[PDB]
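Inspection log for the structure reproduced underneath, given as C-alpha cells.
Number of protein chains: 8
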Amino acid sequence: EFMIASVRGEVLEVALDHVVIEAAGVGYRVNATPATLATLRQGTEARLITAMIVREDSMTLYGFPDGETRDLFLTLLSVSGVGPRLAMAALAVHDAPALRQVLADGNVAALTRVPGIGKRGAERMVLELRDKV
Amino acid sequence: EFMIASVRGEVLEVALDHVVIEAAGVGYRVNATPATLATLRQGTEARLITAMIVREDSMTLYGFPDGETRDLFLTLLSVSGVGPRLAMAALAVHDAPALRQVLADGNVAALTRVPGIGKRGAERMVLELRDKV
Amino acid sequence: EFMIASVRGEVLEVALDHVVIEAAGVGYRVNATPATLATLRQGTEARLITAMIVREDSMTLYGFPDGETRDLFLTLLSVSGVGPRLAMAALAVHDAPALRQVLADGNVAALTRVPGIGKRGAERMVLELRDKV
Amino acid sequence: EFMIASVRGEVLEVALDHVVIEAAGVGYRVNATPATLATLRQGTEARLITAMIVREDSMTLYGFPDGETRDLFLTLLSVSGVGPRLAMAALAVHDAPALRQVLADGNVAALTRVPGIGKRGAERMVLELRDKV
Amino acid sequence: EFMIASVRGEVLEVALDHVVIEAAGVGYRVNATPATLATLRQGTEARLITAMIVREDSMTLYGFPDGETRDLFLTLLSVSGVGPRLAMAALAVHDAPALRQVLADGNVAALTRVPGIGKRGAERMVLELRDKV
Amino acid sequence: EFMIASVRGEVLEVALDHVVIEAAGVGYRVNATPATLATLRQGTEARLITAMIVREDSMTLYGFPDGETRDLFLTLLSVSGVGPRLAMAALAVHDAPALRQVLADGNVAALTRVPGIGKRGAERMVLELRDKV
Amino acid sequence: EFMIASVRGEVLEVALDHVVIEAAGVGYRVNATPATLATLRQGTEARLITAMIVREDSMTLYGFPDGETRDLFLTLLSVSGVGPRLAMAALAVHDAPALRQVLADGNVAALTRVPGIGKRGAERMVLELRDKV
Amino acid sequence: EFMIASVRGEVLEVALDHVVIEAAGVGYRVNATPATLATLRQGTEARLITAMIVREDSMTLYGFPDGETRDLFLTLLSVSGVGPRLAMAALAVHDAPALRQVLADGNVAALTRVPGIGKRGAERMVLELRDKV
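For the protein sequence lines, the chains are Z, B, G, L, W, H, X and V, in the order given.
Just so you know, we're using the entry's author numbering here: the first sequence kicks off at -1 and counts up by one.
Just so you know, we're using the entry's author numbering here: the second sequence kicks off at -1 and counts up by one.
Just so you know, we're using the entry's author numbering here: the third sequence kicks off at -1 and counts up by one.
Just so you know, we're using the entry's author numbering here: the fourth sequence kicks off at -1 and counts up by one.
Just so you know, we're using the entry's author numbering here: the fifth sequence kicks off at -1 and counts up by one.
Just so you know, we're using the entry's author numbering here: the sixth sequence kicks off at -1 and counts up by one.
Just so you know, we're using the entry's author numbering here: the seventh sequence kicks off at -1 and counts up by one.
Just so you know, we're using the entry's author numbering here: the eighth sequence kicks off at -1 and counts up by one.
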C-alpha cells in the first residue's frame, strides 16, 4: 500500500544520497544507494521503482533499479528497529540477492558488517525474516 | 472527499493484488479485485476509477472498472469493522450489482460466503446499509 | 499555504456536488457549488482555481471559477464552527461579491437564509470577518 | 527527505508572497521571497527548486531560484523556534551567500535586522548553525 | 482495565446528573442514573462502584450501586456508536437486569423506548451483545 | 465531566497565582484568582471547589470558593479562543455574579476592561453565552 | 517512570484477573496473576507493588507481591510485540526467578510453553533480554 | 500547571534514582538526585516538593527537598533539548543555588562539567535562561 511505485523522467541532479527526476514539470526527489546512483547520468531519462513512505510530518521516496529490490526494502522496514536510512545502508552493502540469501541462511556475520547492526539487531532480522525471503 | 478518482496510462506491471499505471512519468500503484486485474494487459493504456484512502502513515489507491463499483467500495468502508482489504475481498466475491442486491435483500447467507464475515459482521452491514444501496 | 491552486484538463464526469478533471492521466476530483458546475460540460477542457484541504485522514479539493472566490472560501473556513461543506453551502447561496458585502455590512438577515446558520453563527462571522473582507 | 524538489511550468499568477506554476494541468502554488518573485513574469515558463513541508493539516511548498538557497532554508528550519514564515523573512533580508557568512561569522548584529529576531533568537542560530554552514 | 473501581466517602453535593463524594479530602465527581442518585443523601457516607473513562482531553467517572451494573455499562460502551452519555440514558431506562434480558431476547421494541436509539442502533447492540450478556 | 471537584486539607503554601492544599499526604496545587487566594491562610484547613483540566501534556486544577463560580469558569472555557489563564483573568476582574450579568446584558464595555479582550473577543462571548448564563 | 508503585488497603473484591484494593476511600483496581490473587482474602488489608501503565485512552495498574517481580514485568513489556496481557500470562506460567533464568539461559523450549509465544516470539525475548536479566 | 506539588508519607523503599513514599495507602514513586535521596531513611515519614510531568504515555514525578529547587527543575525543562533525565543530572552536579548563578554568570565552563552538555547545549541554556534566573 505505497501509491507511487515508479517515477520516470529527465534527471535534473545527482547527489550522493539522492536524485531528482523531473516527471512532467514536477521534479521528484528520490533517494537511493550510491550503487543505483552511479548508473545515473544527468540530462538523460531514467526510471526508478520507488517505495513511498508517509508519516505525519514527511513523505519520502526511495528509489531502486527494480522492484524486486524495492520490495525487499519495504520488508527490511517491517523489522522493529529498522528505519529507512538503515535499510538503505543495508542495501548499500548487500545487494538484493546477496541480502536475501544472508537472511535465509541466518548469516549474522555477514549482516554484522553493516553500519549500525550489532549482534542483537542482525538476529532480530534473521528471526523475523528467515522464512520471509 | 477522495481527491484522486481515476488514473490513466500505460500499465507497467500487473501483479495479483495490484497494478502500476504510469500516468505521465509517475507510476501509480492501484489495487483491485483479480477480476478487474484480469481484463488488464501490460503495455497497453488503461483507466481505473479509483478510491483514494489517506491515513497518518499511508496513502493507498483502490481501483475499479467503474465508479458505480468504486462508490460502493467507499460505502462498505463506512461500516464499523470494515477495512479496505475486506471491502476488496467482498467485491472479489460479489460483483457490484450482485452485492448491492444482497444488501438490500438482507441476504446474510450470501455475504457469509465471504472470507472474514461471520453472522455478526454480515448483519452489521445489512443493518447499516440496507436502506443505503 | 494550500499547494494545489488550479487544476486544468478534460472533464470526465459532472455530478452535482463535484467534478472530475483529468490533468495528464490523473483524474482529479474537485467539489464546487452547483452554479460553478452548471457552466461545465463533459468532454471539454476546464480550469478551476482550487482550495486544497489536508487533514490526518483526508485530502479534499475545492473548486471555483476564480481565486477571488476560492480565497473567500478559505476565509469562511477561518471561522470557529465553519466546515467545508458549510462554506460551500454559503457560497451556493451568496456569490462571492454578494457575500463579501453582506459581511462588511453585517447583514445577519442575509446570512440567516443559509442552511445551517442560526443567529449566533451568522454573527460570529460578521464579528470575526467584518474587517476582513 | 522532501519529495518535491523543483516544479516547472507556465506561471499562471504572481502575487507578492507566492506564485502559481502550472505543471502539466496542475497549478502548483509555491511561496518565495519577493526577490525571487520579481524575476518572474506571468505567461512564461519557470522553474523553482522547492522545499516541500508536510504536517498533519497542511502541505506547503517553498520556492527558490536554486537549491543552494533552498537547502539553506531547510536548515534555518532546523532551529528550535524557526518557522517557515520566519526563514522566508530571513532570506528576504539576507540572500543565501549573505546569510551563510553572517552565521559562520556569528554576526548577531546582522541577523538582528531581521523582523522577529531578538538577541536570543539570533544567537540560538549562530550557536546551532555556526559549524553547520 | 479501568483503575478506579469504587469511591467511598461523605457526599458533598447531589445534583441530577452527578454527585461529589469526598474520599479523604479529595472531592470526587461521579455521574449516575437519577435512580442511583435518589438513594443518596448529602452529609452521609456512600460507596459507588465506578467505571473510569480516560481520553486525551478528559477523565470522567461513572457511578453505580454495584459492579454488576457498572460492568454492564462498560459493555454498552463496547458498541460502535455508544457513548457514555448514551449508556447512562439506557440504564436510566432499563435497570441492569431489565436490560441484560432485553439484549439476550433481542427485544428491539424495548430498547427503542430509549432516547437516541433508532431501529438500526438498537439492533447493532442486540447483534454484537446478544451472546455477550 | 471533570473528575476532581473539590480538594480539602492543610494549606502548605500560598503564592499569588496558586496554592498547595495537602489532602492526605498529597500536596495538591490549585490555581485561583488573587481574591480567592487572599482569604487563605497557610497552616489552616481549606476547601476549594475545583475545575480539573486534562490535556495530552498536562493536568491543571483550578480553584474557587464555590462551584457556582467554578461552573461559570468551565463555561468561559467553552468559548473559541478562551484559555484557562484567560478565564482566570476574567474572574479576577468580574466576580461570578458580576460577570454572569454583564454577559446576559451584553455589556461589552464591561468585558473590554479585561486584559486580553478586544471588541471582537468580548462579543464572541456575549453571543455564544448570552442565553447560557 | 511509573508513578504509582504500591497500593495498600482493604481488599473489597477478588476476581480472577484482578482485585480491588481500597486505599483511603478510593477503591483501586489492580490486575495480577492468579497465583498472586490466590494469597489474597477479601476483608483483609493487603499491599501490591504495582506497575502503572498509561496510554491515550487508559490507565491500567498491574499488581505483584514484590517489585523484583513487578520490575521484571516492566521489562517484558520492553520487547517489541509484548503487551501487558501477555507479560501477565508469561508470569502466570513462569514465576519471576523461574523466568529470569530461562531468559538468561536462552531456554526457548521453556518460554514456548506460554500461551501466545511461537518460536519467533520466544527468541526476540531471549535476544533482547538475555543480557538484561 | 503541575497538579501534584508535594507528597508526604512513610518511605517504603530508597533506590538510587528514586524513592517510594506511601501517602495514605498509595505508594508514590518520585525520582530525585542522589543527594536528596541520601538524606532519606526508610521507615520514616518524609515530604518532597514534586514536579509532576504528564505525556501521552507516562506520568512521572520528580522530587526535591524544596520547591525553590523543584521550580528551577521545571525551568531547565523549558529549554529545547532538555529532558527530565538531563535536568536531574544537571542538579545532581550543580545544587540549585550553585546552578542559578552559573546561569546568570553565563559560566559555560561550569555547565560543561555536566554529563551530556557540549558547548552548544550549555550555551542554549545560558542564552534562554540568563535573564530567567
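Using N, Cα and C, we set each Cβ at its ideal position, and we do this for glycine too.
Counting contacts by CB-CB distance shorter than 9 Å, is residue i in contact with chain W?
i, result
"residue 137 (chain B)", "Absent from the model: residue 137 (chain B). The displayed extent of chain B is -1 to 131, so no value can be given."
"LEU10 (chain X)", "yes"
In chain order, what residues of the same chain have a beta carbon less than 7 Å from the beta carbon of residue i, not counting five sequence neighbours either side?
i, result
"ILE2 (chain H)", "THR48, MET50, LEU59"
"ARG27 (chain V)", "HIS16, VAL18, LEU59"
"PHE0 (chain B)", "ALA49, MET50"
"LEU38 (chain Z)", "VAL9, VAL12, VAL17, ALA44"
"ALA87 (chain W)", "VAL112, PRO113, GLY114"
"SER4 (chain V)", "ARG45, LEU46, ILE47, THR48"
Given a threshold of 16 other Cβ atoms within 10 Å of its Cβ, counted over all protein chains shown, does residue i qualify as buried or as exposed?
i, result
"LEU70 (chain Z)", "buried"
"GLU20 (chain H)", "buried"
"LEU127 (chain W)", "buried"
"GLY23 (chain V)", "buried"
"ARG68 (chain V)", "buried"
"residue 193 (chain B)", "Nothing can be reported for residue 193 (chain B): it is not among the residues displayed for chain B, which extend from -1 to 131."
"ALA85 (chain H)", "buried"
"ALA30 (chain B)", "buried"
"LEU14 (chain B)", "exposed"
Between residue i and chain X, is the shortest Cβ-Cβ distance under 9 Å, so that the two count as touching?
i, result
"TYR60 (chain W)", "no"
"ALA85 (chain W)", "no"
"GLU121 (chain Z)", "yes"
I need the straight-line Cα distance from residue i to residue j, nearest angstrom please.
i, j, result
"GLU121 (chain G)", "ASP129 (chain B)", "38 Å"
"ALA102 (chain L)", "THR110 (chain Z)", "39 Å"
"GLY79 (chain X)", "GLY119 (chain X)", "8 Å"
"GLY81 (chain B)", "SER56 (chain G)", "16 Å"
"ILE115 (chain Z)", "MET123 (chain V)", "35 Å"
"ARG6 (chain Z)", "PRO63 (chain Z)", "12 Å"
"residue 133 (chain B)", "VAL12 (chain B)", "The structure shown does not extend to residue 133 (chain B), since chain B is modelled only from -1 to 131, so the question has no answer here."
"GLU66 (chain B)", "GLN40 (chain G)", "18 Å"
"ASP93 (chain L)", "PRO95 (chain G)", "40 Å"
"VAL52 (chain G)", "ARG83 (chain L)", "19 Å"
"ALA33 (chain Z)", "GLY61 (chain G)", "44 Å"
"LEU89 (chain L)", "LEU97 (chain L)", "8 Å"
"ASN105 (chain Z)", "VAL77 (chain X)", "23 Å"
Return the chain-ordered list of same chain residues with a C-beta closer than 6 Å to the C-beta of residue i, the five sequence neighbours on each side being excluded.
i, result
"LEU10 (chain H)", "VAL18, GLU20, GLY25"
"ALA108 (chain G)", "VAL100"
"residue 210 (chain H)", "What is shown of chain H runs -1 to 131, which leaves residue 210 (chain H) out entirely."
"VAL91 (chain W)", "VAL112"
Strictly under 9 Å for the Cβ-Cβ distance: is residue i near chain V by that measure?
i, result
"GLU54 (chain L)", "no"
"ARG39 (chain L)", "no"
"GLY116 (chain X)", "no"
"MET57 (chain H)", "yes"
Hey, would you say the C-beta of residue i is under 8 Å away from at least one heavy atom of the ligand MN?
i, result
"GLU11 (chain Z)", "With respect to the ligand MN, the structure offers nothing, as it holds no ligand at all."
Could you tell me whether the Cβ of residue i comes closer than 9 Å to any Cβ of chain B?
i, result
"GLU(-1) (chain G)", "no"
"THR48 (chain Z)", "yes"
"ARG45 (chain Z)", "yes"
"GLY104 (chain Z)", "no"
Taking only beta-carbon atoms, is residue i less than 9 Å away from chain L?
i, result
"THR34 (chain G)", "no"
Please tell me whether residue i has its Cβ less than 9 Å away from any Cβ of chain H.
i, result
"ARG27 (chain W)", "yes"
"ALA21 (chain V)", "yes"
For residue i, would you say it is in contact with chain Z, using Cβ-to-Cβ distances shorter than 9 Å as the test?
i, result
"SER4 (chain L)", "yes"
"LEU125 (chain X)", "yes"
Exercise. At which residue ranges does the region 102 to 131 of chain B contain complete alpha helix (DSSP H) runs of 4 or more residues, listed in the order of the chain?
Worked result: As for any alpha helix (DSSP H) of minimum length 4 sitting wholly inside the region 102 to 131 of chain B, the runs are 106 to 110, 117 to 127, ordered along the chain.
Problem set entry | Inside the region 53 to 98 of chain W only - alpha helix (DSSP H) runs reaching at least 4 residues | Counting only runs of 4 or more, we get 65 to 75, 82 to 91.
Exercise. For the region 27 to 57 of chain W, which segments carrying the beta strand (DSSP E) assignment without a break, of at least 3 residues, lie completely within its bounds, in sequence order?
Worked result: Runs of the beta strand (DSSP E) inside the region 27 to 57 of chain W: 43 to 53.
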